[PDB]
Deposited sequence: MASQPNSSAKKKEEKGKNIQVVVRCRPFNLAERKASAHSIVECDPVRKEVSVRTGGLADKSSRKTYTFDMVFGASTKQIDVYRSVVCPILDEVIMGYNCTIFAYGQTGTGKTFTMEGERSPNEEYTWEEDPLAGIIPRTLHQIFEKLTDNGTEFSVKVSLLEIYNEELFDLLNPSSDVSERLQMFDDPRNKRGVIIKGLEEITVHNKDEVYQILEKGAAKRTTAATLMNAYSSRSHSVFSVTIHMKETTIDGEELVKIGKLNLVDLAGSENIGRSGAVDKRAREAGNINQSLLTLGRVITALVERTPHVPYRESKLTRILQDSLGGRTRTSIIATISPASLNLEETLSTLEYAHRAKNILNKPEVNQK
């Protein structure tokens, strides 16, 4: 930090947790930026474990709130010509995809641009077009989507590809730090009225990979990349040619050895960047080598650690909070 930002988003109870008679064990204090977990296991009030983060979003935080607090500062950075990454990390069913992608409201009540349930990806794409159209920047938007599953790469935006084809990755000559994902489809989003059809297809090919290859999004990393080419011109001012890049990663469930290793490697990359340790283990997983260029800096990185509020998931919630705390060691302040 302030470059690496680690924030926590707790979701509301789900129906499963109600029917299991789960109890609320998480308290989220946005002002003090703390999350407290009752380790109540025969002990009360005994065992409240407190963690402090850059931000904390209670179960009632709306999609727009997450965008404003987390994405806006990062997108301004992207538009300035820099290369950023936002992660969603946590146990399956705590809201990684809800945060990253969102959902449509019931319906057909909103346009996709006004839908309160829309997540980071569609909101970012809409804002890129709003901001850059509004100030008259000459720009082009292109997007790729790949899923890392079982240490294999899959292109989710290739129309004629097939779900079963794996992509190859090489190191970039002209850029140590970079890689080339041969044949990765980079679709051009010509206007904000193209984005929705594009996202639909990507989600459709995601569904096909799961049905056939048993490639469950639960156990795969989703990397949605958006690259913006910007020429900005002012008479008696400045002529700026910039290229911004934003990666929006929806990680595999934090709860098969290639997932543990890749997520733990990611944790070590982050900590090393925060700690400013000379050694950062990019090479050690495909996820972190793919994202190496968007990580060291000068870059904004944000991790949204997602948690459930229910006692039913105490172990995985503490696991998630430990992970997040390992990544960026923020200290508890006095109450």
Ranges missing from the model, given as deposited sequence positions: 1-15, 271-284, 365-368
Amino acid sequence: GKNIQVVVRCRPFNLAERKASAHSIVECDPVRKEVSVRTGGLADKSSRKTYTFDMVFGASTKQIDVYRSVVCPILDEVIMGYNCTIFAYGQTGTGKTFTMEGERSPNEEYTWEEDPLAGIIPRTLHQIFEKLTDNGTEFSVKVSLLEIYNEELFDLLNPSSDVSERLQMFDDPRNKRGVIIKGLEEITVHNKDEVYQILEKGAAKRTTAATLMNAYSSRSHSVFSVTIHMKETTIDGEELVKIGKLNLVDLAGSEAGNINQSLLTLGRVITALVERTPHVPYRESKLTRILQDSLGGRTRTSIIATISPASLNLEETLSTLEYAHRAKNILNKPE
From here on, numbers count along this sequence of modelled residues.
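Heads up, when I say rigid core I mean the largest set of C-alphas that superpose within 1.5 Å between the two forms.
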Between 286-294 and 300-308, larger RMS Cα displacement in 7 other deposited structures of this protein after core fit: 286-294
RMS CA shift, core-fitted in 7 other deposited structures of this protein, bigger for 132-140 or for 243-251: 132-140
Residue gap status of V179, at least a third of other entries: no
Other compared entries missing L266, a third or more: no
Greater mean Cα temperature factor according to the PDB record, 102-110 or 222-230: 102-110
Comparing 87-95 with 189-197, the one whose average Cα B-factor in the PDB entry is higher: 189-197
C-alpha B-factor winner, where the candidates are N247, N260, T124, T133: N260
Among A252, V78, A118, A215 - the residue whose C-alpha B-factor is largest in the record: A215
Ranked C-alpha temperature factor of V143 among modelled chain residues, by third: middle
Entry-reported Cα temperature factor of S46, expressed as the chain third it lands in: highest
Chain thirds of CA B-factor: placement of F170: highest
Third of the chain's Cα B-factor distribution that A324 belongs to, per the entry: lowest
Relative C-alpha B-factor of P281, binned into the chain's lowest, middle or highest third: highest
